[PDB]
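The data below hold one chain only, encoded as structure tokens and taken in the form deposited in one PDB entry.
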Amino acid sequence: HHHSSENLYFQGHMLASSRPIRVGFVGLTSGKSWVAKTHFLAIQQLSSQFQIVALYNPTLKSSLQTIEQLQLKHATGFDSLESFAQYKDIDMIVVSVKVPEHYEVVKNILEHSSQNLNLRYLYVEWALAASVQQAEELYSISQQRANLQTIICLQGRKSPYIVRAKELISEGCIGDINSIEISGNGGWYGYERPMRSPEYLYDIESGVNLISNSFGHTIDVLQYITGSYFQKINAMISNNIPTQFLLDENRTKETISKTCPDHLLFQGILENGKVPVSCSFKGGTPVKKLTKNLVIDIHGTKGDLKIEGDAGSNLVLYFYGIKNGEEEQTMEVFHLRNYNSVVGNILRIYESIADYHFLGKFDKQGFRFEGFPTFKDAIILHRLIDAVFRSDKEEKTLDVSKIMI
């Protein structure tokens, strides 16, 4: 039955350990910040699992206002990361600050939590750091911490669409994968820039660009769905759009330089089955008009699968193959009618966190449906992304056969 006791936990209920996981945020800046907007709402709907007991803000002011607005019952504000890092009532810390900043902050939290034994979770959003360097460092330092579980937010791995894809792929509904094609669009990196965008997104040294973020979340999901890591790759990155035109109500004559790359060519062979993958990622506008801007097209010996959507988003997964592992094919069209992905995917992550915690330190999620990704998953990703830049710079097809180690 639907309302059976066995389903309480999944309905969000807790019998009377069972205490919520107490969370403390960094980046929960105001009652209208991204975090408010994304992480809070989510945590907000998982009341029996998570409770926010702390906010770190440069001022006690900012944190008091927020606690009132979001109406936070068990929160207490902190003026110092250090102090914040040491509050013994925190089980999990979530960091939501721009990447350029991840390095310091994180490195500091790690440093000042060594005292704190309650702290079992450290959560950070992709990308983990601004450079591979930085990230390997946060990785190594965390590795140092035996009882601390890390998490990276690659929420695309919780997309219903991806899950579904991976189920059909994993269940043999398209047989063996024969070839794969991907198209994506980075949004901010075309001929136009949106009004007031953190110049950091446009800077080559920030470590945030078409490649490290968009393609990154993308190829990661690809690998996830297919169950394989790459063995060899080759890239070509372009900068044919050196100055953008800004817009503001809706496009102006005002110009602005863009150090960031505006196009990525990626092609590689996945290790399992040496399967070929072709990838084309546009920086941004103008968008493609005769075709979907996001497409993940997977071609099997026994069927095909294709995720298409609106890189700006209305996704749909199409499947045509054997509902099985004489062979007879079936079509499937998959589209949720009104799913809030940003909030929803992040939310699933937390549930996943709650589940490991409530139901039952592990390495990474790798290709498992279970669990959540860890800084290890992030690191592997950082490695690849790094090999992409190097392949373009060295003009060579690189073996990345060994970055998951």
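From 1 onward, residues are counted along the sequence shown.
What comes next is about the form deposited with a partner chain bound, which is not displayed.
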{"item": "Complete contact of 310, 314 and 342 with the partner chain in the bound PDB entry (any heavy atom, 4.5 Å)", "value": "yes"}
{"item": "Contact assignment for the partner chain in the bound PDB entry, among 194, 172, 227, 160, heavy atom within 4.5 Å", "value": "194"}
{"item": "Partner-contacting position among 335, 323, 107, 120 - heavy atom within 4.5 Å of the partner chain in the bound PDB entry", "value": "335"}
{"item": "Stretch from 34-42, 348-356, 53-61, 366-374 whose residues place a heavy atom within 4.5 Å of the partner chain in the bound PDB entry", "value": "34-42"}
{"item": "Residue 77 within 4.5 Å of the partner chain in the bound PDB entry, heavy atoms", "value": "no"}
{"item": "Contact test in the bound PDB entry: residue 261 vs the partner chain, heavy atoms, 4.5 Å", "value": "no"}
{"item": "Partner contact for residue 215 in the bound PDB entry: the partner chain, 4.5 angstroms, heavy atom", "value": "no"}
{"item": "Contact flag, residue 187 vs the partner chain in the bound PDB entry, heavy atom cut 4.5 Å", "value": "yes"}
